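S.K.: What follows is a single structure, and I will ask about it in a moment.
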Amino acid sequence: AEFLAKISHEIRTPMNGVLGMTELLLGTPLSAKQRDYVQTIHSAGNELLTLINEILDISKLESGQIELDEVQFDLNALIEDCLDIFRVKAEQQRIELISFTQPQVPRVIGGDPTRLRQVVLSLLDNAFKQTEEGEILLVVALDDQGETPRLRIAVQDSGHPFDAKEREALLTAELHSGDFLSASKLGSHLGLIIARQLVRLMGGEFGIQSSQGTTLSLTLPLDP
Amino acid sequence: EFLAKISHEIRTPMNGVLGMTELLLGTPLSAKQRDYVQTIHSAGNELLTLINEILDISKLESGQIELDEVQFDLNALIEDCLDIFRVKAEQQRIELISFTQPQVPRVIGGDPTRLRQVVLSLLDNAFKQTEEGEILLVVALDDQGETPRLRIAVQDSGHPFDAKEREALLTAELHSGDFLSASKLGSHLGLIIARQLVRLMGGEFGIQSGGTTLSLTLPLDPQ
Ligand SMILES: [Co+2]
Ligand SMILES: [Co+2]
Ligand SMILES: [Co+2]
Ligand SMILES: [Co+2]
Ligand SMILES: [Co+2]
């Protein structure tokens, strides 16, 4: 569980060198063609760096090395910010972005806002790629089927459903170390798996129900 | 080269970055900019090689890698591994030479892609360790033990492995307490792969330092 965190410098350093030279190159005289290429390094490198930081983060959380945060944060404000991120692409016609919050769910809860926002942003990001046309729905409800009101966040899309094999793969997913860097053509990309493993470390339960769309949902514990 | 495939999520952005570096090198650049681009090119590849090695060791220790059983021209295989390093031996002024005992068969059984990975690993380690000496590749039969076995060794005149470095190579395993020092891994993760492969081939991996001589001994089908 601790191997990737221990070599965190050996992984992050070349990635840091790539982007440091990039921001250095943007400072120098560049032709428009030159700038197109250097800008692409910037965009692609940062994409990869963000992936590497999320792999190290989940690696340290799965081992005992670091702990989730516990602060009182504005739950509605978090959900609102996530929606804002995607509203520019929802501006494009194909997609309607609709969010419904039950009136009883609290305005402020306790937990890890930065990591919960990662989870929600991942579910939204998958919903967008799955839909070519239609509506994307984000519902924040309370869940009473337990012995105490849990919190429920669900994202629903209109794209090509999950089959039983993909669904079972993501539900039981718990990658160890090398697994994160490994290729598996089946099913889900890293963001979804990491987000799903975060909800398990949050004490929550993860749900995938699919007829012509999929509903991905997390259900978290709430302090009464 | 490598046993395992990296996620396309890692691979695709990196391919893009590396793609832009090659395009920019085709462009007029100040000596400062060429250095920035060459550094990006160096870093991207080193990260990719690191990730691939970590993945290969995970697969090997997990028993997730299956070796092939085909017949292959051992001489061919040997002479293309050396072929790969000749352009580098010219630049580093190195003299790379080899010797094959005539009693060695031309054709043997096994996994030529993997045996190739092992041999490329030893040569790559020898060019690292040697600023300048001779790098020798021996293919020979070994007549100790019950049956004849195939022996491949690479000898260099570089800075040798100390006693703790050598014990690490022979004994380090990923799910031992502290598998390896974060300094040596980038340096010599590849040799641990080679060791894992030779043992998966049913052979023995050996190192003797004084220069260094890395050797493997592999089984042979009699006759
Ligand atoms: Co360190
Ligand atoms: Co920037
Ligand atoms: Co399908
Ligand atoms: Co993809
Ligand atoms: Co290149």
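Ideal geometry is used to build each Cβ from the backbone, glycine not excepted, and the neighbour counts take in all protein chains shown. Here, each number is a calculation from the coordinates, and none is a lab measurement.
S.K.: Please state, rounded to one decimal and in Å, the Kirkwood hydrodynamic radius that segment B:19-113 gives when every pair of distinct Cα atoms enters the mean of 1/r.
M.R.: Evaluated over segment B:19-113, this radius sits at 17.6 Å.
S.K.: Hey, another quick one. If you place +1 on the Cβ of every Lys and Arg and -1 on the Cβ of every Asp and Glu, how big does the dipole about the Cα centre of segment B:67-223 come out, in debye to the nearest 20?
M.R.: It works out to roughly 200 debye.
S.K.: Can you give the average number of partner chain beta-carbon atoms within 10 Å of each beta-carbon in peptide A:180-189, as a whole number?
M.R.: Partner Cβ neighbours, averaged per residue: 5.
S.K.: Let me ask you something else. Residue farthest toward the positive end of the dipole of the protein assembly as shown, with Cβ of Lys/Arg at +1 and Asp/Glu at -1: which of B:161, B:39, A:192?
M.R.: Positive-most Cα among the choices belongs to B:39.
S.K.: If you look at just the Cα atoms of segment A:1-67, how large are its Rg and its Dmax in Å?
M.R.: Every Cα atom of segment A:1-67 included, Rg and Dmax give 15.3, 49 Å.
S.K.: Below 11 angstrom from the Cβ of residue A:186, what's the summed charge of the other residues (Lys, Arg +1; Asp, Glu -1)?
M.R.: Every neighbour counted, the sum reads -1.
S.K.: Roughly how far apart, in whole Å, are the Cα centres of segment B:109-151 and segment B:31-86?
M.R.: 16
S.K.: One quarter of the convex hull surface, Cα atoms only: what value does that give for segment A:68-224 in nm²?
M.R.: 9.7
S.K.: In addition: Amide H to amide H under 5 Å from residue B:5: which residues, 5+ apart in sequence or cross-chain, H placed 1.01 Å off N in plane?
M.R.: A:183
S.K.: Another question about this same structure. Just tell me how shielded A:45-53 is by partners: mean number of partner chain Cβ atoms within 10 Å of each residue's Cβ, no decimals.
M.R.: 4
S.K.: In addition: For the protein assembly as shown, what is Rg from Cα atoms divided by 2.2 N^0.38 Å, rounded to two decimals?
M.R.: 1.20
S.K.: Can you list, largest first and rounded to whole Å, the semi-axes you get for segment A:72-131 by taking the square root of 5 times each eigenvalue of its Cα gyration tensor?
M.R.: Largest first, segment A:72-131 gives 23, 13, 9 Å.
S.K.: Continuing with the same structure: Rank A:48, A:21, A:3 by how far each Cα sits towards the positive end of the charge dipole of segment A:1-67 (+1 on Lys, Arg Cβ; -1 on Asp, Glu Cβ) and give me just the farthest.
M.R.: A:21
S.K.: Calculated FRET efficiency, residue A:101 and residue B:131, Cβ-Cβ r, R0 56 Å, to nearest 0.05?
M.R.: 0.25
S.K.: Of the listed pairs B:5/B:32; A:129/A:185; B:128/B:184; A:6/A:129, which have alpha-carbon separations greater than 23 Å here?
M.R.: Over 23 Å Cα-Cα: B:5/B:32; A:6/A:129.
S.K.: Further question: Please average, across the residues of A:36-42, the number of beta carbons from any other chain that are within 10 Å of each residue's own beta carbon, and give a whole number.
M.R.: Neighbouring Cβ atoms belonging to other protein chains average 6 per residue here.
S.K.: Just add up the charged neighbours of residue B:16: K/R +1, D/E -1, any other residue whose Cβ is under 14 Å from the Cβ of residue B:16.
M.R.: Counting the neighbours of residue B:16, the net charge comes to -3.
S.K.: Still on this structure, please answer the following. If you place +1 on the Cβ of every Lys and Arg and -1 on the Cβ of every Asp and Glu, how big does the dipole about the Cα centre of the protein assembly as shown come out, in debye to the nearest 20?
M.R.: Approximately 700 debye in magnitude.
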